[PDB]
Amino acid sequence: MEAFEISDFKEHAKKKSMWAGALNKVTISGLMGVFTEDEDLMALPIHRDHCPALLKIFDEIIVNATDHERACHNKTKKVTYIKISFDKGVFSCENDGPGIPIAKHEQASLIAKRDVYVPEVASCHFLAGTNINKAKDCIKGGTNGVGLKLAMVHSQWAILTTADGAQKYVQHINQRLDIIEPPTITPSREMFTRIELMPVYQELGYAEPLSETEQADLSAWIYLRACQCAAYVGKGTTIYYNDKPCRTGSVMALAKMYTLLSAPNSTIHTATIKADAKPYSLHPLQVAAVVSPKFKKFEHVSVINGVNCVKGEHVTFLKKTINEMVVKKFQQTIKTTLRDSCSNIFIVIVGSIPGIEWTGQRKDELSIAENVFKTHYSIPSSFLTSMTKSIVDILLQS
């Protein structure tokens, strides 16, 4: 029929929500940003509709930088900084460490029948990257060879700049990937990767120059995402947002930021969840939790493999384990459901998990057998005991 059609990747990415989510403004459950009060960092909800695909432009590039930080963290040449910028609608992200290799790609050059270099494949070729054949134990968030191309397809203009210690490579990628300019290659001896772009705000439902509220909301969201990165990356990396350092290097700092308005001056339960055997034993999970009667439902913030995912059995592992102990102790005083006993918890979980699978390119949800945690991971009893004490005291008051 006339309606039966074949689409290419770029046209498909511009009209289909499967890649990065809705391409218009919708209600985003739990949307948050960070707002600065005095010199205090405070995470607050953003109760306005926003475009999920727009936020994924930023996220895809950000997770690419923290993926690189993970890859070189045990190598001689490492990532020391991730600089994120957002000004006048221009978004940029730069990291040091080895750049994308500046070399001709023979297969791509043969397909295109012209000289095509690796950074053009990295940025303009769908289903292309270094994680197509990812190992079980690889804890990079990246896996599909898709994310950077999504960022390009939603850019009015974009500039990729990378240097591998020998040369510098600059390439203009404009008009939602319609116009790929030939690269400019020079000698350099510098080493970094920078992505700078202007998203297609108007197509995504925003004011052509962002409105004051849109700009403030988007700036707040990116800043919180940079703060989440700062708690995830290794000991040698500093995260910057609009040049200032991000002061949330630990899950304690994240938990305080998220509960400053709710429950200031509260106690922060901490745990380092370790595993007995490799590869899991290489990746301890950091956890901080606040327990308060002021919280009216269970909430978590997860940064897993650099990704701010919202659903996963890693959360349930903590919830069920805590509930088991709460039920026990509570019964001794009376002599309660899973949401009961967890309704007063705010918990932050940050770390790497080998072998997880994702539910889509957005990586909203990770997928795994629950028994991975039961067999391999141990939650410190001191954390469980003080969490249970705090929760039981609240239950006894009502």
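All residue numbers are counted from 1 along the displayed sequence.
The entry models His47 and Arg48 with no unmodelled deposited residue separating them. When 187-195 is weighed against 84-92, 187-195 comes out higher, by mean CA B-factor as recorded in the entry.
378-386 and 16-24 differ in mean CA B-factor, and the higher of the two is recorded for 378-386. Of the residues listed, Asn131, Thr267, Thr272, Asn74, the entry assigns the biggest Cα temperature factor to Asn74. Residue-level inspection of the entry shows that, of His105, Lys256, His154, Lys140, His105 has the top Cα B-factor. In this PDB entry, the Cα temperature factor of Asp217 sits in the bottom third of its chain's modelled residues, the lowest group.
Looking at the C-alpha B-factors along this chain, the one for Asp38 belongs to the highest third. Compared with the other modelled residues of the chain, the Cα B-factor recorded for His300 ranks in the lowest third. In the PDB entry, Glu203 places in the middle third of its chain by CA B-factor. Ranked by Cα temperature factor within the chain, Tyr280 sits in the middle third according to the deposited record.
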